[PDB]
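Just below is one structure, and these are the notes that go with it.
Order of the sequence lines sets the chain letters (A, B, ...), proteins ahead of strands, with each chain counted from 1.
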Amino acid sequence: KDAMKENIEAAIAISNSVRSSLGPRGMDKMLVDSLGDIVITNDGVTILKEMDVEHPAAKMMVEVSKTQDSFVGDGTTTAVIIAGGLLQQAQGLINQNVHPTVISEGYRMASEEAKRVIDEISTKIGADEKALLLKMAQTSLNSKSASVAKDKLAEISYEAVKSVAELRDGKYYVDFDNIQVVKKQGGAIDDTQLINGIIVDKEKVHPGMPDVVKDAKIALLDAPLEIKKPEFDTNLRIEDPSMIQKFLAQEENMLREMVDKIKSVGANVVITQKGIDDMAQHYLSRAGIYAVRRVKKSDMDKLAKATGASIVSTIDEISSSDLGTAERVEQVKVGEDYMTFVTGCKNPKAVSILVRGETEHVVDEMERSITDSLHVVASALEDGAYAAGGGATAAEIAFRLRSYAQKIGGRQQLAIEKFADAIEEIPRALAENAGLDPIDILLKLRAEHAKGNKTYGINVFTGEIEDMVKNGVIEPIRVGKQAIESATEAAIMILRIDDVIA
Amino acid sequence: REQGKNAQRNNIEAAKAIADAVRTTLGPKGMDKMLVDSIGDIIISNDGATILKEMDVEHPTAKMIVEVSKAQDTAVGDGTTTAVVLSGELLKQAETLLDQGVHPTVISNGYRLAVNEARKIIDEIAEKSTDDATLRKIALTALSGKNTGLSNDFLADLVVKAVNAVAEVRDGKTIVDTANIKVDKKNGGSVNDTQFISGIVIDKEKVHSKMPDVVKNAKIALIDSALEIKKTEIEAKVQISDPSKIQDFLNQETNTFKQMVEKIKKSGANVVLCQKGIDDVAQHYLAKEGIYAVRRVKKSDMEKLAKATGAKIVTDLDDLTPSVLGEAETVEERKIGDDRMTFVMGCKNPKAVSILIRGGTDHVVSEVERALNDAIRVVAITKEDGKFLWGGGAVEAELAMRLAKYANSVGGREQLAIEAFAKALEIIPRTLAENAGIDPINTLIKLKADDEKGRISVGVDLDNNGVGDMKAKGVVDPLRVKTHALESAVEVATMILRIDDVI
Amino acid sequence: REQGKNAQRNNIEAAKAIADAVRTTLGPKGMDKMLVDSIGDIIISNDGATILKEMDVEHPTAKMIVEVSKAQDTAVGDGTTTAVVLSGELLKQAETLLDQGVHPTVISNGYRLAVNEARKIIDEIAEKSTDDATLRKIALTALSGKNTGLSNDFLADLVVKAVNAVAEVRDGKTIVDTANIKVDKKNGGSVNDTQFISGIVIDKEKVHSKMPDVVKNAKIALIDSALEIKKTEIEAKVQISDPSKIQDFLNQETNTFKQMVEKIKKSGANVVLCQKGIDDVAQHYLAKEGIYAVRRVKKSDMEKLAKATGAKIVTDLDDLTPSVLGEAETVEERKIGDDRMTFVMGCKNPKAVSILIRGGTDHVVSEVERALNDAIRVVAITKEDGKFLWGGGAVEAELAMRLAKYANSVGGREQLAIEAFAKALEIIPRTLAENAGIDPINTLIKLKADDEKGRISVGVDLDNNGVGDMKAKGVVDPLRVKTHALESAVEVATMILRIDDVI
Amino acid sequence: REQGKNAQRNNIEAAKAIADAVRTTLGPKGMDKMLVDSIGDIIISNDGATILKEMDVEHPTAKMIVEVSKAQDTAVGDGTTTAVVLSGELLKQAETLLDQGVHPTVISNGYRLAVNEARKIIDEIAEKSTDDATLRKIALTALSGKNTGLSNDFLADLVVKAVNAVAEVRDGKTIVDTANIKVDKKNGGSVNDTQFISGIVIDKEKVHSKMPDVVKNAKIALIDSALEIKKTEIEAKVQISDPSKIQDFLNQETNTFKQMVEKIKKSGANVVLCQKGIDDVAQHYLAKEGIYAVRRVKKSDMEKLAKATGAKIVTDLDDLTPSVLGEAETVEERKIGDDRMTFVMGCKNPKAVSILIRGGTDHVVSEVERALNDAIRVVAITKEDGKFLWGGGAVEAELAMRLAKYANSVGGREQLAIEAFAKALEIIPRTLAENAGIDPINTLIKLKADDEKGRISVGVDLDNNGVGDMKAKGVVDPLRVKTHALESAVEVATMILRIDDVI
């Protein structure tokens with residue numbers, strides 16, 4: 001009765017704090033934390049992970065609705081919007097004494113039928129690959145503040161994914177450890193570029209190291225370049241003043257040797273996750289080796305893949321088989337900062353995107369936006385099919401559930417019709433957001449789909465129901481399946497709970 | 001401190017309150033409870049034992065009812081909610097008798113007479129069968145009011161399959177150690193993605209990249225100690241006077257790790273599962289030699305693996321002989337969800353299997369696992385006993401009818417207590433009616449008639465909207481869980497009924 | 001948390017408030033702001049980036065505008081105040097459109113159309129010239145509203161002179177690393193006392209009195225490590241059993257320092273610049289041998305000196321060969337103000353110069369340095385780009401006139417946004433009018449006419465009291481700073497305009 | 001106290017806030033506001049004058065805008081909301097000019113130039129007609145956004161009917177005293193139950209049961225004084241020494257009341273409407289004599305009745321001659337709703353009518369009465385002026401277009417102010433768009449085109465969803481209310497714009 005009334009309202013509240021961010025006329029959110037950190041975004045996954053939800057129902061709505069399985073396009077915002085719809089509609093049905101178990105069965109079924117409608121009405125990507133994917137990446141950027149440069153960023157998203165995509169069983173596989181995305185402020189959004197190689201935001205460890213090394217043999221380490229102290233308690237016992245010299249000599253010699261090993265195997269560059277002793281820095285420098293230290297592990301993993309190096313933890317046991325390869329490693333100044341560009345890698349399916357923005361908070365959102373585009377085109381390439389956006393595919397599913405409901409008659413049917421009304425939350429949000437009339441757009445939308453117009457959607461620019469694929473507003477088939485998947489699980493979880501206790 | 005009437009009415013009131021807290025979890029149409037703490041946080045379950053174990057019960061008398069969540073013989077499936085709800089009703093029905101002037105001890109005697117009889121009637125009416133089909137019906141029933149989706153028949157089958165795989169026959173009797181069934185979960189979505197593995201699944205990745213992704217015809221070494229540098233017990237300090245010694249000391253260490261690995265190689269082991277850590281240099285040489293190693297393996301897994309592969313858990317590597325090595329056709333690492341887990345398959349001992357549950361949400365995979373575990377227990381018990389009972393309040397209805405008659409064959413005061421116990425049993429069929437949303441009063445009226453016409457298997461049917469044959473619908477309850485749910489309820493109700501003063 | 005209208009009107013209000021905080025710093029007649037903290041204390045500047053970086057902004061939306069102080073491409077000279085003031089106006093002008101019913105996104109689209117056009121118009125109208133005379137006009141303009149006295153022409157000349165000294169030509173293009181121009185200050189009064197040195201000036205005295213005051217034909221050793229007694233990494237303890245040993249141990253130390261100095265002498269170095277400390281005994285023997293040493297030299301200086309003299313920064317003295325030594329005609333110590341600084345002149349590499357600023361007050365030498373640094377940047381940029389723009393709001397006036405027309409060639413909603421962007425640009429010429437104390441409204445009226453008659457170079461003239469030709473008065477703005485000030489403003493205004501809820 | 005900018009920005013902000021409070025009441029699709037106090041309680045109205053008169057405005061500047069609710073010439077219908085909303089917009093649009101540097105006085109001069117022009121344009125474009133049909137269109141329009149149900153055409157007709165009944169012609173001109181139209185209400189449901197009575201309706205019952213329910217050919221006496229025992233001014237005390245006197249004194253009183261009634265009868269009056277009380281003994285003899293009496297009649301009614309019947313209000317009964325008696329065919333009491341009211345019909349003067357409103361809810365009959373009263377006013381004004389204007393923002397759109405041109409024919413500064421006044425007028429058509437829920441921005445775009453193509457009568461049409469011809473839909477506004485709404489707005493905006501300091 002009440003535990004439910006409350007849980008449901010807490011949940012719907014989350015649904016509405018995200019609703020206005022859906023689509024081409026969607027707005028962003030500014031989220032300020034207790035520590036004062038600020039995040040301004042349109043990304044529904046960031047908004048949710050950010051907002052401080054207290055109510056346990058809200059925490060669950062957030063967790064389950066997260067579309068966790070993948071964060072492609074606006075799957076999470078769409079999931080959340082539908083969960084709120086499904087929940088709000090369940091409220092009504094419960095007011096009529098429909099047992100929450102019927103409702104959960106109905107939702108479960110309608111959910112299954114809906115995934116089916118999508119597979120059915122979907123469309124395989126054909127000889128149109130390049131044009132389709134571009135249109136997809138633009139649709140995505142269209143929702144973001146990155147729209148401003150959607151055509152250039154879309155090209156970058158396409159080029160990058162296409163470069164790292166493996167066409168295996170006649171199928172495509174895209175490994176993101178081949179795409180390095182780095183952000184640097186102090187440039188316009190247009191200055192964003194695709195570099196064929198791996199950029200690492202770090203500079204040479206010592207001023208005397210070279211700024212460029214052609215045909216680099218890269219040593220990737222995971223251990224620090226320092227003296228090793230025994231594990232058992234150890235003490236030097238000096239009784240002869242003369243040994244004091246011999247001892248310090250032995251230490252410096254240990255470091256000099258470590259460098260000799262790395263260099264003896266042909267290493268040209270040394271990139272470590274850990275530290276490099278000041279004296280070791282001297283030696284590498286003197287040997288003319290370009291070294292960078294305290295590198296990000298994620299950066300290490302990407303360098304290994306592109307250069308074909310193996311990350312070594314036992315310098316002593318290092319060998320040439322372990323060395324990576326690249327046509328050139330060079331320090332370049334990107335704005336204020338100095339970065340290291342490893343170009344012409346052994347593995348050519350290795351790329352980087354240098355995201356620019358004038359301001360910190362601008363460049364942050366640009367990277368968020370570009371990482372979205374990459375996942376959109378990559379999942380479309382992988383799935384092989386696409387569905388029309390603009391609320392077209394949702395209006396269709398809604399249309400096709402109202403039929404199926406009458407086939408699966410009974411009380412289940414009420415839950416199934418309610419599930420259809422909920423899916424219509426998408427076209428409503430889109431209309432509401434663009435400044436159109438929901439109740440008006442909805443009626444026309446239903447008409448077109450009844451008359452078999454599968455791809456008909458909401459053109460928020462003209463404010464007219466048109467062909468979404470013709471106009472290019474299309475999305476990966478995956479976004480819709482997951483969103484309806486996450487949405488129904490989130491709603492069923494709250495629907496089954498009749499009490500909250502500590 | 002409270003004495004007499006005040007102490008008793010209060011205790012009864014408390015018992016009833018805690019029963020109410022789990023009441024709605026009973027049956028196919030059970031609801032869930034969300035339990036929230038301070039740090040760890042939210043738990044959503046339909047499991048009565050979980051709910052009570054987590055609940056923050058304040059009252060002493062309520063802390064006593066909650067103890068039923070720990071009686072291993074009762075706390076499986078709806079056994080817990082059945083015992084708690086019944087204690088509540090037994091105490092409630094008693095209150096009336098106390099009011100009339102009946103002494104708490106004769107009431108306790110009545111309940112003892114009643115429960116002993118009931119325990120007899122159910123062994124009398126218990127249905128025999130070791131039919132895999134019935135086992136499946138036990139699981140389907142056990143998974144009924146949980147948030148598992150529609151995959152139940154698929155899950156039920158996994159259960160029977162796992163159970164029949166480790167079930168063994170001792171002197172004429174079937175014994176099933178559930179500890180041989182390794183159940184684990186991984187957030188990947190689907191549920192239908194749950195797998196049945198003929199081997200031990202280990203949530204651990206191989207320690208080093210250069211180690212093989214798969215080992216065939218594996219001679220497995222199970223190791224207790226850390227493959228790290230060990231310091232002596234009596235304090236030791238190293239004193240270097242020769243600058244040259246420093247290297248040597250640094251080398252003795254390397255050579256120490258080299259030997260560790262030599263010993264392992266010498267035994268023929270090609271896989272090393274360590275319960276503890278493995279130094280990076282040891283990982284280096286293990287990979288160099290081609291041995292597949294996993295570290296910091298749980299003791300529980302160490303033990304299951306020793307069981308499945310025939311390996312002896314060794315602590316001192318010098319006792320690492322080919323005699324203590326286990327065997328398995330394949331040891332392979334494969335990515336499940338976002339993690340990489342190690343699969344030990346084709347073990348020397350076939351009586352070991354694993355169930356890798358999938359389901360997404362996290363908060364669902366947990367209850368599903370919670371579900372599959374109960375299901376495994378109930379199916380295992382029945383596999384052993386070979387007997388079961390009809391569900392849906394059918395058993396209680398029979399009992400309520402018979403004890404109502406057996407009461408007449410008993411003396412005055414006790415008779416009253418036994419008629420009270422008979423009424424109390426109706427709290428189960430009524431709870432199922434209420435939960436399904438049907439009329440309690442009329443379902444009971446119908447249920448009574450049919451069981452009196454001799455229809456032993458008629459329980460509460462949601463579909464037929466009222467009563468119906470459970471035999472056809474296949475709703476079956478294991479025996480052991482029933483008898484213990486009745487017995488627990490009686491023992492606890494008596495403990496509480498006897499208190500006349502709480503200080 | 002605030003939603004919709006309340007959230008937006010509020011954000012706009014905030015942006016406007018912070019713009020007001022820097023507004024009056026714009027131009028030749030800019031005022032200063034006194035920023036006071038708790039411990040360090042008072043800062044007086046006209047620099048907008050400094051003011052904002054120091055300001056204690058509370059509001060999130062204001063913290064966002066303040067971020068422009070860090071966009072290295074904008075935060076030079078009036079670039080910062082221009083970007084902030086414009087964001088404020090862009091947000092203010094937007095508020096009107098939001099009121100009419102225009103969607104924040106079409107407003108954002110309008111601004112994007114407008115700024116892209118403007119960026120085109122200015123490259124079109126940009127004036128080319130690498131003429132040293134124009135460079136001087138860039139500096140004079142950059143030093144305009146600062147408390148530098150009348151010495152500006154003298155300073156401007158120093159700037160061009162320094163810039164042209166380190167400017168180099170790569171493949172056909174002039175690149176100027178400002179990091180080669182070492183600017184430092186010393187409280188001695190005068191300002192006209194600022195010197196241009198062909199070498200590196202180091203705020204460090206020679207470590208020991210007996211060391212030469214001047215070294216000619218210097219072979220300079222740059223050293224990374226401390227010239228002190230170094231203890232081993234692995235703990236070491238000395239044990240003396242013979243009373244005689246104590247002296248020997250005390251002597252090994254002396255001899256250790258003696259050798260350090262021997263190594264240095266052996267390389268031919270006669271000057272030693274150490275990044276760290278130098279023990280007193282080492283100072284003793286260095287002075288004894290006639291080597292001029294400085295210690296605890298900043299890494300920044302170590303690096304500039306390695307750059308200028310060709311010296312390799314060495315850490316292990318055993319690798320101190322004549323190959324790693326730098327060269328300079330003279331290394332002399334000379335008293336500047338109250339301090340004694342070391343002057344390294346006639347370096348192997350001519351592309352390194354220093355500017356020793358003087359000016360007294362301390363709080364003036366700081367801004368003057370703050371000034372000279374911006375001036376150096378702007379002159380450096382222009383040296384590279386070879387193009388510039390007319391100052392005094394001339395550029396904005398042209399842009400405002402053109403975009404006002406370009407708006408017509410655009411669709412309804414966007415057109416509104418583009419007319420709003422055109423109005424926003426007038427906030428610059430108006431701010432200069434207001435600051436100079438002249439009538440804003442009439443200056444704009446006049447300015448518009450003249451630029452429309454084709455007088456591209458007419459900006460706001462304090463003298464003519466209204467508008468006037470900047471071409472004659474020589475007020476010129478670098479290009480790069482303009483385009484980025486417009487771009488920053490637009491990117492940030494859009495970020496803020498898009499928020500409809502602050503939680 | 002606040003000075004300068006702070007004082008002004010603040011005043012403008014205040015004005016805007018109060019305008020927002022009534023904004024949504026504008027038009028056919030206006031919303032209501034619920035005003036709640038402490039004791040009396042809830043008021044629900046769409047009337048802007050009512051809302052503002054009741055509102056608890058704190059701010060002084062807001063107390064000034066609220067004063068428009070009292071300007072009798074403006075506060076009728078939407079005149080109030082139009083004046084307030086426009087003042088808000090005039091002050092808002094001014095803020096921009098103040099920002100640019102325009103002096104509050106030239107802005108005030110611009111507005112004066114603008115409003116004087118506008119007042120001319122509307123007399124130019126005013127449509128003439130005394131056509132009863134147009135009168136009906138005035139009322140229908142006046143009753144548009146009120147909670148009156150669908151009975152509007154029925155009400156509109158009552159209005160015209162009442163107006164034409166009391167309308168009279170002086171030297172060539174039609175004068176309509178609304179005070180001759182007595183509007184009253186009674187909670188009986190229906191609304192269509194509203195009656196139009198040719199006489200004066202009085203919410204008063206006859207004082208005594210035995211008095212006739214109906215009097216035909218009535219000679220009506222209107223009396224000012226109480227028909228009670230009157231004590232002398234100079235204190236009087238009665239002293240009885242003879243027990244017999246007590247009766248006599250008690251009788252003088254009776255006889256006193258008997259004479260009162262004799263005087264009344266002697267004049268031929270057969271009805272007595274007393275403004276005060278009537279003693280019970282007087283009621284006795286009045287009923288005895290067959291005179292119909294009502295007491296404690298409101299002075300307002302006393303006056304209307306003297307007007308309608310030709311009766312002279314008499315205070316001293318001795319001056320109650322047949323010359324001062326009024327006439328009416330029928331004086332009848334009849335039950336209306338739950339009350340019994342007196343109906344004086346067929347009065348000597350035909351120029352007096354009543355409207356007895358019905359409607360149930362109470363809180364509806366009140367607004368309906370509130371509505372009918374405005375409607376009566378507007379219809380009355382137009383009846384007199386003979387001219388009207390097109391509704392739906394048609395007038396404002398024409399004005400906005402013309403003044404936009406007239407601005408060009410004016411000098412610099414003033415021109416700016418006049419373009420600002422022209423923009424301000426668009427706040428009306430935009431408010432109607434917003435309220436109807438249609439797109440403000442596009443309706444304005446369309447509206448501008450059509451009025452520029454010469455379509456003077458095109459206003460905002462809810463139906464056509466955008467703009468449309470008001471001529472066809474019949475939405476008409478009276479002239480007088482328009483001109484005064486513009487004038488009020490300007491006078492008040494100037495008062496506020498001129499303040500630079502609030503102490």
Max heavy-atom pair count under 4.5 Å with chain A, selected residue of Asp242(B), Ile42(B), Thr25(B): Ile42(B)
Parallel, tilted or perpendicular, as decided by the 30° and 60° cut-offs, for the rings of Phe419(A) and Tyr107(A): perpendicular
Contact winner vs chain A - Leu250(B), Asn435(B), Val364(B), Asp338(B), heavy-atom pairs under 4.5 Å: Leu250(B)
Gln239(B) portion near chain A, given a 4.5 angstrom heavy-atom threshold: both
Note, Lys33(B) side chain near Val22(B) side chain (heavy atom, < 4.5 Å): no
Under 4.5 Å from a heavy atom of chain A, the part of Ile44(B) involved: side chain
Salt bridge flag under 4.0 Å for residues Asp119(A) and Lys115(A): no
For chain B, the option from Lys66(A), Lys246(A), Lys228(A), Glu105(A) that forms the most heavy-atom pairs under 4.5 Å: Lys228(A)
Which atoms of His363(B) approach chain A - backbone, side chain, both or neither, heavy atom under 4.5 Å: both
Results of side-chain contact (heavy atoms from CB on, under 4.5 Å) for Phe247(A) - residues two or more places apart only: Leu236(A), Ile238(A), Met243(A), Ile240(B), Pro243(B), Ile246(B), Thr232(C)
Heavy-atom pair count under 4.5 Å with chain A, highest-scoring of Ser244(B), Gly30(B), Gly149(B), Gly189(B): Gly149(B)
Proximal component of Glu235(B), with respect to chain A [non-hydrogen, under 4.5 Å]: side chain
Portion of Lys245(B) that has a non-hydrogen atom of chain A nearer than 4.5 angstrom: neither
From CG (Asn7(A)) to NE2 (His55(A)), nearest 0.5 Å: 5.5 Å
Pairwise distance CZ(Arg108(A)) to CD1(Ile103(A)) - rounded to 0.5 angstrom: 13.5 Å
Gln247(B) portion near chain A, given a 4.5 angstrom heavy-atom threshold: side chain
Under 4.5 Å from any heavy atom of chain B - which part of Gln245(A): neither
Top contributor to chain A interface from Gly360(B), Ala236(B), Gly337(B) [non-hydrogen pairs under 4.5 Å]: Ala236(B)
Between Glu253(B), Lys231(B), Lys29(B), the one whose heavy-atom pairs under 4.5 Å with chain A are most numerous: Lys231(B)
Single hit among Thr254(B), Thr256(B), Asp248(B) for side-chain hydrogen bond (donor to acceptor under 3.5 Å, both in side chains) with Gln252(B): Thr256(B)
Residue selection (most heavy-atom pairs with chain A, distance under 4.5 Å) from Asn147(B), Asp41(B), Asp37(B): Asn147(B)
